[PDB]
Amino acid sequence: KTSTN
Amino acid sequence: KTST
Amino acid sequence: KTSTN
Amino acid sequence: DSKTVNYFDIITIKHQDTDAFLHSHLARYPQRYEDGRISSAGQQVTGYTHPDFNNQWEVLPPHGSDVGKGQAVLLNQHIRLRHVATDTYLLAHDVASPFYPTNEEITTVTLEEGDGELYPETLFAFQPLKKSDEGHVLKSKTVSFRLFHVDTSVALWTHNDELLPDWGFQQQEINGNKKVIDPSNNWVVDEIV
Amino acid sequence: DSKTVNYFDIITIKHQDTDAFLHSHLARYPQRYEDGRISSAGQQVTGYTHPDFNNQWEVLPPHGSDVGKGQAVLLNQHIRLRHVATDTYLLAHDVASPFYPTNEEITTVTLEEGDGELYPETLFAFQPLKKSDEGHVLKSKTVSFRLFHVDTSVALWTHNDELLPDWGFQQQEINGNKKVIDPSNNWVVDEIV
Amino acid sequence: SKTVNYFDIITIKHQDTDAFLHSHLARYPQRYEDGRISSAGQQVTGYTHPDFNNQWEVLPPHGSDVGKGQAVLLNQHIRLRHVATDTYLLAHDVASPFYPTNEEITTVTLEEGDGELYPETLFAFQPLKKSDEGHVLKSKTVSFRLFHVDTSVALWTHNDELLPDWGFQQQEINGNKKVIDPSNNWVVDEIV
């Protein structure tokens, strides 16, 4: 779920 | 195959 | 080839 | 140079800086990391320093190729990599990796998952370090390359300064590095099985 | 978040007035423009409004610098820019641009040419808007600059009132503006990749 | 500027586009989008970067009074062996990728090229002016057409449209039946 950033 |  | 002007 | 890699060959892929092999197995990423971030819970892809059946990958052409036996893999051609031991396809996507929120999680997917909506995300290239080498033959041992993900433009990266937790058996984390030009992104084909 | 730009970083460079990224790709300028002018037939450099791998540039020092990792790029130091996706050097020269006969064509050249006879034409500077900011560290996002060509004293410029034709994929023209001190020449480093 | 001798390895550079005559193991697709059928042979392309796959060995014809260490003269018959793949340059009456009226340029194996297809592997460094026949071929300073003896075409390239992905977006090379055209002009860039 967690996108890169 | 296809000629010029 | 063509210069600026 | 030992040998030319052809499509449908089975290969092992070794990181130059750490000597770890690109590796996979049935264990999955934990649903959540300690900092609360969410993974895909997908199949782990790791760096493994020991020779092992689970280091074997089959090099495959893209869909609609018309390629057959005995044809060399060339640098910068689009390819797919099938994990031999679990029969799954390598994939990268915009999901934060285990240790580097800015780098992408690398996983594998089943044949059905990989040939449908997610197919474009299964395409990689053996990207030459010098672009002028595109179209040269992929050979074992002597040709360095980046494993480049076509869809998100990351290069596969690993390290051994910190190892995965117990759920990763203290193997090396693999992730997609968005900075493609980095010597730690360099791999070789170690052997053709 | 503003971060310091170091030599050998990979960056994206964004035009203040149009929000376009400094971009390149394999397509070439037409040998001649409709009015009969002759281009260099070199690789196109354009302004591209979407995030893309082809917006990425590596910041490099001049020949004989001995600069290594962890050294900040300073405003008005001489720099070079290598296009990551095609492995070529940014270059300007006294050739009339696509839409502006008085402005210079901006292109990229192969590593061999750019490190050989054309080397002097590959030198640029992040020129500060204020001369009193000479020697200050370059930061992403918060420091505006002009991209100044050392050999011909132009600043890179773009616009979006008219776009390149189909041969440029309707991207923005980039050219060398001889009027250097002008806010339409302002860029920032958008990201360190 | 130095003399090109038989058995020298050279790179050959197009004047208008700066592309090098190039080859690699990739093949032409069996069918093009417009339905024409290629030979499915090895690709020959124009490549803007210096590279090993730009190297060709200049060879004499089979029963020639020319030998190694002797100058190539303009309009003499020659053969070109791609060094990296060990194949012979060849042209034939097959429609090229982008130009139905121009000929496909390919390479063939040593066995094919020394056998039934041999006559099609013969080329000439054709002088721009016929009066320059017999002059010594030199790098950098002598322009010529790369002329196919068996079909009377001149090798041509362009960079307004690039090859598809199966050709790495390199330039198409093909045989131009209009021989006298400045876009057919090449030079030898370097002797390796």
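The first residue you see is number 1, and the count goes up from there.
Method on record in the header is X-ray crystallography, 1.7 Å.
Cβ coordinates are placed from backbone N, Cα and C, and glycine is handled just like the others.
The O-linked glycosylation site annotation in Swiss-Prot covers A:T2, A:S3, A:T4 and is backed by experimental evidence. Feature annotation from Swiss-Prot assigns N-linked glycosylation site to A:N5; the stated evidence is sequence analysis.
Overlay of Swiss-Prot annotations on the structure.
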residue : record                      : CB count, 10 Å
A:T2    : O-linked glycosylation site : 18
A:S3    : O-linked glycosylation site : 12
A:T4    : O-linked glycosylation site : 19
A:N5    : N-linked glycosylation site : 8
Three-state secondary structure, which DSSP defines for A:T4 (O-linked glycosylation site): coil
